[PDB]
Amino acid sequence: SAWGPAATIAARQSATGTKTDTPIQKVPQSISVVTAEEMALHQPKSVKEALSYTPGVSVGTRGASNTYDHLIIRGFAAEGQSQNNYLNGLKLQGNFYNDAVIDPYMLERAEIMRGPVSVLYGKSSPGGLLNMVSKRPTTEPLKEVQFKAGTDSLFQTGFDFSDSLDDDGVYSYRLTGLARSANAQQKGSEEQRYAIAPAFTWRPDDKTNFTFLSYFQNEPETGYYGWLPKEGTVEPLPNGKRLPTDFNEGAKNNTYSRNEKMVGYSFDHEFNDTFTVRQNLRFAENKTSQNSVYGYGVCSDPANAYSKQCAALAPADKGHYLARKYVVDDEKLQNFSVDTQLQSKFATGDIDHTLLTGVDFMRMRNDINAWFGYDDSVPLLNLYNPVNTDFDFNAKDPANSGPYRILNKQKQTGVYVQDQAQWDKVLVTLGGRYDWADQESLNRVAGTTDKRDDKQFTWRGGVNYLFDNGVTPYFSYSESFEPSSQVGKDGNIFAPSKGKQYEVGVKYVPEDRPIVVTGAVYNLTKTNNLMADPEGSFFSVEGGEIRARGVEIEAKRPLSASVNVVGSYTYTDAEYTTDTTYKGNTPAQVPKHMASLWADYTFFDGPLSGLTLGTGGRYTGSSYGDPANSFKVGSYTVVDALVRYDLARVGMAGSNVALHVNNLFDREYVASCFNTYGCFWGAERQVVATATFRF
């Protein structure tokens, strides 16, 4: 069965770590890759769930909401809470609410880097980054139709077609699209999605490959994305009861939509056995909008001390009345990116070289036209007896609401060089990069204009030792930088923050046995983090520092043609080593322990031939609900099951029917809280039937 050897053999190749084709063992950093075969098996609903059984990442911190693919890697999120995802070696640079998403059914691969890597990609988050590989045209025909149906009125249909147009394979293509409709977990919310992905590959000769990659997506409704207070979730309400799992605190007429257009290409050319040129470019237009009413903690939460509405309440009702605000947003993002690389392979005695040098630049501009409601901008919500009604998003009086109209421009140009020198069984990775990062923000209401031009240099070095049995010990050191976007007291944009990581580990990748096992220890630390000013000024200050260190181990292997086992364990110790206020505490939403195990069996011989069965468990240890560590969030364990049946029997090979069940024991838990007034219920049990037919 396709996914057996895929998760353990194919999953051995990668490029997100070095930009050149390099096997996992020769990469001096922690890198995980999930194949499409695996994704086909699990049917993840997003890219997040596709990383479930990999170490060092929290894929479900935002609970049931699926609006964004936000990932917290090694206890770190990106600047401005924005995503940190790349599509085909190029970053889907977003801004404010404008963040693009790619359905997993359009992906071929998903590789995830852990730790710093600005060495190859410019400004990045300390924790790491995700890189999704689009499906490319197969030179072997593919004609597939798929039908989905399940819990919450989930209805989906999709197709994936690929074939050759010429007779020799000079022109091939791939067209894959889907249409999905479903109700959100929260009452009154729904999600609709429509995507089509046209790809065309032109191969002039055996040394040239030009592949056109386009993607279009329209989402009338993106679903729920609100805030619920801990009182009614983590903690029982004053009447001992807890808000229901599907509770919704937003207006009956809440709306949230997203539209995405992308055009670009990937080009390869090999001159000799010594030189190879490579270029990647994409142009993207993103549009997002929303009319949202969201919770902002109960009336007794110290966060609403200035709410006239809360105040005009008997201080007993104060603990079961939720305050609320709203936001009206509308953004338009334009993004241009090109990365050109020259790859040189040569020798020097007994030393084989693989030199990489490239120029990488990107230009984006986001046009925000929003309107936010402050305190008392929307009628309280009685948690004991909630009443969902419409909200007038237009009637906007300056008494409780003001505009927010910004035009953000970002820019980054970088030059980088890297060598992969190898002597016998020793491998040394050495590389550096220099970045020119300019940014400017124009506030249209105030007429002001803030800008800053950063210059940063980063590098990475590491050693890999290739024992002949598969054991490949290694160690490395890499840096990262992330410019700031917030303004200081002096009316300037703060200085960039930095990431420095040391890591030692081992990778077992035997050529003869189909297994992959990993273990690694690290000390990542983020410097120049923004912290509270040691003064009542509502402004912030630099010089902060957070430090994270831990152990991650991952295991993948087919104990037989019928059994496969995948799992991981993650111990992460993150902490504020120097912050004017939360010093000593551990960042919120970061658990110390994380474990996951999945296994599946398939009957080849017998009456149940072609039948597959799988189960898996992802354990999430406890975590702090706020940076003050004033309350915790209970650990939880979720179990998933699977039932698949090859249809070769009935007459159709390649095709199959499946039944997936997530959160089998329908456990009710809160995924996390980033504060007392910001918690999220986890996802209730879901059952989905999937028919995938191949002609």
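In this text, residue numbers run from 1 along the sequence as written.
Q: Out of 511 to 519 and 126 to 134, which one has CA B-factors that are higher on average in the deposited record?
A: Comparing 511 to 519 with 126 to 134, the higher mean C-alpha B-factor belongs to 511 to 519.
Q: Which wins on mean Cα temperature factor, 309 to 317 or 184 to 192?
A: Mean B over CA atoms: larger for 309 to 317.
Q: Out of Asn286, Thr245, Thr580, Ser118, whose C-alpha atom has the biggest B factor in the entry?
A: That would be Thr580.
Q: Looking at the C-alpha B-factor values in the deposited entry, which of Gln439, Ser162, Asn239, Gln217 comes out highest?
A: Of the options given, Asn239 has the highest CA B-factor in the PDB entry.
Q: Please place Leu228 in the lowest, middle or highest third of its chain by C-alpha B factor as given in the entry.
A: As the PDB entry reports it, the C-alpha B-factor of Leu228 lands in the lowest third of its chain.
Q: Taking the chain's C-alpha temperature factors as the reference, tell me which third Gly654 falls into: lowest, middle or highest.
A: Its C-alpha B-factor belongs to the highest third of this chain's values.
Q: Test of reading the entry: by CA B factor among the chain's modelled residues, which third contains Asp206?
A: According to the entry, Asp206 has a C-alpha B-factor in the chain's highest third.
Q: Could you say whether, by C-alpha temperature factor, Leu41 belongs to the lowest, middle or highest third of its chain?
A: Middle third.
Q: If you rank every modelled residue in this chain by C-alpha B factor, which third holds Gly94: lowest, middle or highest?
A: Within its chain, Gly94 is a lowest-third residue by C-alpha B-factor, going by the deposited values.
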